[PDB]
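For reference, the chain that follows is the form deposited in one PDB entry, supplied as structure tokens.
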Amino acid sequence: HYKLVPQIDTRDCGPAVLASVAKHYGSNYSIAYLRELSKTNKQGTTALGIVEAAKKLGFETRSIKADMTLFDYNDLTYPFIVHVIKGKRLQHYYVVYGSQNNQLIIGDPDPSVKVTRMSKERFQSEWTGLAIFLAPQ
């Protein structure tokens, strides 16, 4: 049900989450292509890079600073992208597919994680609050 394009190269988390969301809307783009479109470098992809690439793909985008109450809003549109700090990884992102109970269903491009359930507590600890929403225009 939840489509996720995993990363292989350590710098490709940005291209991966973008490819994942795009795939949900029926479009399939390679990591190599999105890496170039998002100006991804050795350090990874910036939030601006993800947004710029998405816009070039024909998606209406918006970046917001939110908190955990976001998941209590029943009209919330999934899936979307979030910026999470994992250890020294300052440019890691997850795809958020939904929420069930005290857990969220997330898509981590890390090939050893992929799609999994994560407690709201754990997620809240890693999340910067940044959320990127995309929609076909």
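For every residue, the number given is its place in the sequence shown, counted from 1.
There is another form of the same protein, the form solved in complex with a small molecule; it is not shown, and what comes next is about it.
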Kindly indicate whether 67, 76 and 133 are, all three, within 4.5 angstroms of the small molecule in the entry with it bound, using heavy atoms.
yes
Would you classify residue 62 as touching the small molecule in the entry with it bound, given a 4.5 Å non-hydrogen atom cut-off?
yes
Since the chain is shown here on its own, which stretch among 38-46, 94-102, 67-75, 81-89 would lie within 4.5 Å of the small molecule in the entry with it bound, judged by heavy atoms?
67-75
